[PDB]
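Undergrad: 3D model of this:
(7 chains, ligands or ions: 2)
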Amino acid sequence: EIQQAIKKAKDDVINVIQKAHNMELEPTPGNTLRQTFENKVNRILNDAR
Amino acid sequence: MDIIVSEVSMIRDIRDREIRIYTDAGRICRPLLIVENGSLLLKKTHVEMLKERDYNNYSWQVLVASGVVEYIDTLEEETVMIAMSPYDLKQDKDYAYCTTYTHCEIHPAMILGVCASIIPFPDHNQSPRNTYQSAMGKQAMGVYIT
Amino acid sequence: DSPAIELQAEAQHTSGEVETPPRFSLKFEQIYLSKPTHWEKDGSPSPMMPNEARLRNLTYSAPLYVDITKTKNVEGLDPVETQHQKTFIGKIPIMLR
Amino acid sequence: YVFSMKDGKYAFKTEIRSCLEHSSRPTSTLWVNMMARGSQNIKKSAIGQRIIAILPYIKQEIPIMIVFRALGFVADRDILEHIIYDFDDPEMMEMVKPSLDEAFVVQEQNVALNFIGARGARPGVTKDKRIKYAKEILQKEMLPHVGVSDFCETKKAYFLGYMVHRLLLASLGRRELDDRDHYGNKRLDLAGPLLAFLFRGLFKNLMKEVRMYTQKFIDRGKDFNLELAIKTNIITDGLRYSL
Amino acid sequence: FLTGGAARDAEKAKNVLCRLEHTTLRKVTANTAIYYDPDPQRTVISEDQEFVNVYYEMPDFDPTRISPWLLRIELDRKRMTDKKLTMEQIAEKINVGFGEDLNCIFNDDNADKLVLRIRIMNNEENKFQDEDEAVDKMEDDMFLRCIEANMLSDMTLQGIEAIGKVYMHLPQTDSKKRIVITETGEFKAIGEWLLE
Amino acid sequence: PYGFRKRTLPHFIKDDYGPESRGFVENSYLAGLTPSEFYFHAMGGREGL
Amino acid sequence: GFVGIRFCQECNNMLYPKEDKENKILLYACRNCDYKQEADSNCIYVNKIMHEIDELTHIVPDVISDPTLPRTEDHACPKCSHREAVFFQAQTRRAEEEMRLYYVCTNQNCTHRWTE
Ligand SMILES: [Zn+2]
Ligand SMILES: [Zn+2]
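TA: Numbering: from 1, shown residues only, chains lettered A, B, ... in the order given. Ligands and ions are numbered 1, 2, ... in the order given. Here you go:
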């Protein structure tokens, strides 16, 4: 279950990278697209951990 | 090993159209294997030759002069592709992380030093505790010299 | 790469000064390094040991010898060359192995 | 090396510590900087960023174009061929404008040498010793690694144009800025070069002592002994003390 | 913190943000250029020609006294919408930051691009002034460039020069919320909009 | 950080933002680390000291 | 449009703008010399704050011979229909806020560079 959750989180962050590369990531107010993407990736990894 | 020695570092800055040649002292290099076409240049014939340097003469300088091991410095690491193992080389192209490999690590465990390589299974421990063991590894007791 | 020593005599404090003083040139061209050899109080050389240097609190060093070319030139005369070979200049320490 | 300053009058700096290989006259630091945009002047608002150069043994700031004209290039097109490799680049052509807009008074090589020599240490008189001192700075202090002999101004001008080209490339982000803790830009001094440097110092001291001995034994008209001239304790004592 | 409708409506809070955040020309425009215009009613830009003759049909100054040098500023529409500015505020800010020395001609609201033509009128009464020696005698295009740098890097359209980046947010804890007392006697925390 | 040219290590690819090159560790200390994520753990553990 | 400067045909200096009133034409003249010419365009200084970079011409086409760059085999070339291409991000200070991929055709005879 832990390995499947880690693989699912890796697939989710790969999909996040793919949608960021495809110009589909809308930046949140108060920060840039770099900070929004980094915050999304860090939140995904911390939630998975 | 004809004109240029293996000590000389050289960089091809492709994105900036530059060639940099460094022959000066102070540079630090790692000897690494040479990979072309997804295959190592080290073969089992070289293994049999390295099983008879224990017998007579097939020293490490012969292996460097054979063209399979090159001294790659830290400046040339920005332009080369190095792998963990030949298992990374044998991956199929449908899920391959990379298809153009130029170098391969002989063993990753040599990135450690002298007092940090004495830890049994250092990858299962903590890095500050590994630094502590390297600090008190010099404070151990034993036969220092014969 | 060291510059050669060029000389010119200046006897300006005495009468009868020669308008063309003699001149000297010194050049160093060759370096010889011998084995680490210790000279005792009587001057007898002996090959030192690193254990001997550790026990006697000596320095594990080897002497260095230089070849000196000395050219003596007079304005209006042929200069003459003199070779001072194997001139001892000092002991450089030797790292072990 | 190209670095960025968060504070001060310099938006970006380029530093090179050039030295002649395996020789004396140790390493000289050459800087080429750009002025910060935040200058409270009405005239300097349209000028904007401006390229200046900091020379060895000179405490003043000299624009790079007077330095380029001091190397024997009075035309702007030749200097821009030296610096700007491709003439089709718009914004770099705009960026090289304000230093040229500052440097109109200097348009001749000897005037440039006088401009260099008037701002250096111990300034001379009647402009000829200042020209000679400027040639001494440009030949023996500016980039000894590319050449210290005569007729080396072409390669020095090429290297200066390449380094200004690198600074103006890093002004736009087309090339990444250099990193101080990047270990590829670092070297390790082992026992070899360090003992070589001690050998340089002790050899210079030995030659000074030998010169003193033969100078105090040459003024009396007599000769000298070469074995008595060399004090053998100097190099051994210095190496023993430093080790 | 905000009071009234600003604390509960995001639009009035964003209008407060536009009154607080430092908005120079750097945060609103697209690009600048300097042109030479020998004929103001027959200018080189054809897209200006649809409206500049509208501006010079009933001019406020003699067109034969203006300088041929023109300053063409093209603005960004998205930043213009984000800062909630109108064009007449920008023209008034130009006219109070430079006085009567500059004439400003602005584009229409529904144009494809926001085009600005800034000119200087040749003050012939000030051209005969004495006491002018070694004071960097100044050319008209160079003067246009220096006042262009002045209006690009120094002046403020709106906000405070000592205030940098401004963020709008809602508090999620009971520390920056407004704690009030209800009619029942309980403490109610209202999460009003606020500025950082 | 990208110590190399758009790479944390030469064993990865340029412009890679995946969790292997980012610094995320998908394995436990009981299972053992890959050398890249062990180096990233060294990066993390140096900062505490 | 954008304009540059011109060099003197006699002493290779700048040719600064100048306005004379007897013909209502700009003259691009020499300031250390006596050379002058007419104006082909009308701009003297264009400054762009948010400038649109054409970085596809900025990237060197030799980066197809780079083992450290990623490769893809799904996005075909728009010019020569090559399946293999090299995708990477730009290096300028404007392009890191977009996460935009830039594709270079790996064919040595085509070397098409584009953006998807
Ligand atoms: Zn001319
Ligand atoms: Zn193609």
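
Undergrad: Contact distance from chain E - what residues of chain A qualify?
TA: A:29, A:30 (C-beta under 8 Å from any C-beta of the partner chain). All C-beta spots, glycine's among them, are computed from the backbone N, C-alpha and C.

Undergrad: Show me the strands in chain D, by range?
TA: D:2-4, D:10-18, D:28-35, D:51-54, D:62-63 (DSSP state E).

Undergrad: In TSV, list those strands along with mean neighbour count and distance to residue C:31.
TA: Below are the strands of chain D laid out as TSV (neighbours: other C-beta atoms under 10 Å in any protein chain shown; distance: least, C-beta to C-beta, whole Å):
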stretch	mean neighbour count	distance to residue C:31
strand D:2-4	16	42
strand D:10-18	17	29
strand D:28-35	19	29
strand D:51-54	21	40
strand D:62-63	20	44
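
Undergrad: and residue E:20, how far is that from residue A:35?
TA: Residue E:20 sits 22 Å away from residue A:35, going by C-beta to C-beta, to the nearest Å.

Undergrad: scratch that, residue F:38
TA: Applying C-beta to C-beta to residue F:38 and residue A:35 gives a distance of 28 Å.

Undergrad: Residue E:170 now?
TA: Distance from residue E:170 to residue A:35, by C-beta to C-beta: 19 Å.

Undergrad: can you check residue C:93 too?
TA: 58 Å.

Undergrad: now swap in residue D:123 and tell me
TA: 54 Å.

Undergrad: Residue of chain A closest to chain D, please.
TA: Across chain A, the shortest distance to chain D (C-beta to the nearest C-beta) belongs to residue A:34, at 14.7 Å.

Undergrad: Was I right to think that residue contacts residue G:96?
TA: Yes - counting by C-beta atoms under 8 Å, residue A:34 does reach residue G:96; the two are 6.4 Å apart.

Undergrad: Secondary structure of the residue of chain A closest to chain D: a helix, I assume?
TA: Yes - assessed with DSSP: H, G, I helix; E, B strand; the rest coil, residue A:34 lies in a helix.

Undergrad: Could you name the specific helix or strand carrying the nearest residue to residue D:218 once chain neighbours are set aside?
TA: Excluding its sequence neighbours, the residue lying closest to residue D:218 (C-beta to C-beta, 6 or more residues apart in numbering or on different chains) is residue C:9, at 4.8 Å. Using DSSP states H and E, residue C:9 falls within no helix or strand.

Undergrad: Could you pull up the residues touching residue C:9?
TA: C:21, C:22, C:23, D:218, D:219, D:221 (C-beta atoms under 8 Å, 6 or more residues apart in numbering or on different chains).

Undergrad: what number of residues lie near the last one?
TA: Residues lying near residue D:221 (other C-beta atoms under 10 Å in any protein chain shown) number 12.

Undergrad: Quick check: it vs residue B:89, distance?
TA: 82 Å.

Undergrad: State the three-state secondary structure for the residue of chain E found nearest chain B.
TA: Chain B sits closest to residue E:31 of chain E, with a gap of 27.9 Å, by C-beta to the nearest C-beta. Secondary structure, three-state DSSP: residue E:31 is strand.

Undergrad: so what's the nearest residue to it once chain neighbours are set aside up against?
TA: Leaving out its chain neighbours, the residue that sits closest to residue E:31 by C-beta to C-beta, 6+ apart is residue G:48, at 4.0 Å. Contacts for residue G:48 (C-beta under 8 Å, 6+ apart) come out as E:30, E:31, E:32.

Undergrad: Closest one to residue C:47 out of the contacts of residue C:9, please.
TA: residue D:218 (39.9 Å; C-beta to C-beta).

Undergrad: hang on, residue E:47 packs against residue E:117?
TA: No - the criterion here is C-beta under 8 Å, and residue E:47 misses it with residue E:117 at 11.5 Å.

Undergrad: more crowded one of these two?
TA: Just comparing residue E:47 and residue E:117: by other C-beta under 10 Å the higher neighbour count belongs to residue E:117, 22 against 13.

Undergrad: strands paired with the helix or strand where the more buried one lies, and their directions?
TA: Assigned by DSSP H and E, residue E:117 falls within strand E:115-120. Sheet pairing of strand E:115-120 (DSSP bridges) gives strand E:69-75 (antiparallel), strand E:102-106 (antiparallel).

Undergrad: From the rest of the structure, what touches the longest one?
TA: For strand E:69-75, the external contacting residues (C-beta under 8 Å, 6+ apart) are E:28-37, E:43, E:45, E:113-120, E:140-141, E:144, E:148.

Undergrad: Check stretch B:126-139 too.
TA: Outside stretch B:126-139, the residues within contact range by C-beta under 8 Å, 6+ apart are B:113, B:115-116, B:118-119, B:122, F:41-42, F:44-46, F:48-49.

Undergrad: Tell me the buried residues within those residues.
TA: B:115, B:116, B:119, B:122, F:41 (16 or more other C-beta atoms under 10 Å in any protein chain shown).

Undergrad: If we ignore the residues flanking it in sequence, what's nearest the third one?
TA: Read it as residue B:119. residue B:133 (5.5 Å).

Undergrad: That neighbour: what secondary structure?
TA: helix.

Undergrad: Could you tell me how far it is located from chain F?
TA: Noted for residue B:133: a distance of 13 Å to chain F, by C-beta to the nearest C-beta, to the nearest Å.

Undergrad: okay, stretch E:147-167 in PDB with CA atoms only?
TA: C-alpha atoms of stretch E:147-167 as PDB (Å, rounded to 0.1, in the frame of the first residue of the first chain):
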ATOM      1  CA  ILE E 147      12.600  63.100 -19.800                       C
ATOM      2  CA  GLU E 148      11.600  59.600 -21.100                       C
ATOM      3  CA  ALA E 149      13.900  58.000 -18.600                       C
ATOM      4  CA  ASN E 150      12.500  60.300 -15.900                       C
ATOM      5  CA  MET E 151       8.800  59.400 -16.700                       C
ATOM      6  CA  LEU E 152       9.800  55.700 -17.000                       C
ATOM      7  CA  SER E 153      11.900  55.200 -13.900                       C
ATOM      8  CA  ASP E 154      10.800  57.900 -11.400                       C
ATOM      9  CA  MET E 155       7.200  59.000 -11.400                       C
ATOM     10  CA  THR E 156       4.300  57.200  -9.700                       C
ATOM     11  CA  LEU E 157       0.900  56.700 -11.200                       C
ATOM     12  CA  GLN E 158      -0.700  55.500  -8.000                       C
ATOM     13  CA  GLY E 159       0.300  54.100  -4.600                       C
ATOM     14  CA  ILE E 160       3.100  54.700  -2.200                       C
ATOM     15  CA  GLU E 161       6.800  54.800  -3.200                       C
ATOM     16  CA  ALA E 162       7.900  53.200   0.100                       C
ATOM     17  CA  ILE E 163       5.600  50.200  -0.400                       C
ATOM     18  CA  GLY E 164       6.600  47.200  -2.500                       C
ATOM     19  CA  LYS E 165       4.600  44.100  -3.100                       C
ATOM     20  CA  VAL E 166       1.000  44.000  -1.800                       C
ATOM     21  CA  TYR E 167      -1.000  40.800  -1.200                       C
END
